[PDB]
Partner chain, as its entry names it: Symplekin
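Quick heads-up: it's one chain on its own, the form deposited without the partner chain, in structure tokens.
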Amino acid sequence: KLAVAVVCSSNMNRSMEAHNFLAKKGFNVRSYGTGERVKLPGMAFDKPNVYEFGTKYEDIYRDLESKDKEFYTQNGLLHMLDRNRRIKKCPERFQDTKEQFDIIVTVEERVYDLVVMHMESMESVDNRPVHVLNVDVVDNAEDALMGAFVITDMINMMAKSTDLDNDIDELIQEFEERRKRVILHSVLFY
């Protein structure tokens, strides 16, 4: 089976909706954040809320519900965190994992550049190819769902291949034609 990672900035919304959805379809999936820290917004000429990666979703929830339970349920982050709590203990940060994947999917260009920069600045002697794909998804609950569909549909297609390194270029193109999207693609090595 393919090992897949899905990566946004904070590992709270887009990467976690896609996480949920890929796992519910049977995929081997982990998810990560490329930011320095996790941030979540609140009254928005305010400084948002910040927590180190490795902080539990449960405690973040608890920290916001005791800050203004109504506010954070209206803007749907209590919901979001409740949902995340059930998948895994805490947001994880991509530049500190040592997990290895066949495909890492980023949801925006800044994340895509942080991932590719990060792996280039490594290097070992596995020489094993990992494919980094960007599939743009907008950062709100609604588009996180829609983006999870599009991501799952693409993985589902790549998971048919028994020779992914030689098929992938061509699958990317069919998919781009059929969903009318641009998929950035890098090949990196572990």
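Residue numbers count along the first chain shown, from 1.
Visitor: State which stretch shows the higher mean Cα B factor in the entry: 54-62 or 149-157.
Guide: If you average the C-alpha B-factors of 54-62 and of 149-157, the larger mean comes out for 54-62.
Visitor: Where do the C-alpha atoms have the higher mean temperature factor in this entry, in 65-73 or in 128-136?
Guide: According to the entry, 65-73 carries the higher average C-alpha B-factor.
Visitor: Please say which third, lowest, middle or highest, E176 falls into when its CA temperature factor is compared across its chain.
Guide: Answer is middle: the recorded C-alpha B-factor places it there.
Visitor: Where does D113 sit by CA temperature factor within its chain: lowest, middle or highest third?
Guide: It falls in the bottom third of the chain.
Visitor: Lowest, middle or highest third: which one holds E92 when the chain's residues are ordered by CA B-factor from the entry?
Guide: Its C-alpha B-factor, which the entry lists for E92, ranks in the lowest third among residues of this chain.
Visitor: Relative to the other modelled residues of the same chain, rank the CA B-factor of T34 and answer lowest, middle or highest third.
Guide: Lowest third.
Visitor: Would you mind ranking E142 by its C-alpha B-factor against the rest of the chain and naming the third, lowest, middle or highest?
Guide: It falls in the middle third of the chain.
There is another form of this protein, the form solved in complex with the partner chain, and it is not shown here; the text below is about that form.
Visitor: Of the residues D165, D68, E52, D59, which one places a heavy atom within 4.5 Å of the partner chain in the bound PDB entry?
Guide: Only one listed residue qualifies here, and that residue is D165.
Visitor: Answer yes if any heavy atom of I103 is within 4.5 Å of a heavy atom of the partner chain in the bound PDB entry; otherwise answer no.
Guide: Contact check for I103: no, nothing within 4.5 Å of the partner chain in the bound PDB entry.
Visitor: According to a 4.5 angstroms non-hydrogen atom cut-off, is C90 in contact with the partner chain in the bound PDB entry?
Guide: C90: no contact with the partner chain in the bound PDB entry.
Visitor: Please run the contact check for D63 against the partner chain in the bound PDB entry: heavy atoms, 4.5 angstroms, yes or no?
Guide: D63 lies outside the contact set for the partner chain.
Visitor: Do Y112 and the partner chain come within 4.5 Å of each other in the bound PDB entry, heavy atoms counted?
Guide: Contact check for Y112: yes, within 4.5 Å of the partner chain in the bound PDB entry.
Visitor: Judged by heavy atom distances of 4.5 Å or less, which residues of 152-172 approach the partner chain in the bound PDB entry?
Guide: Read in sequence order, the residues that approach the partner chain (within 4.5 Å, in the bound PDB entry) are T152, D153, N156, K160, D163, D165, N166, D169.
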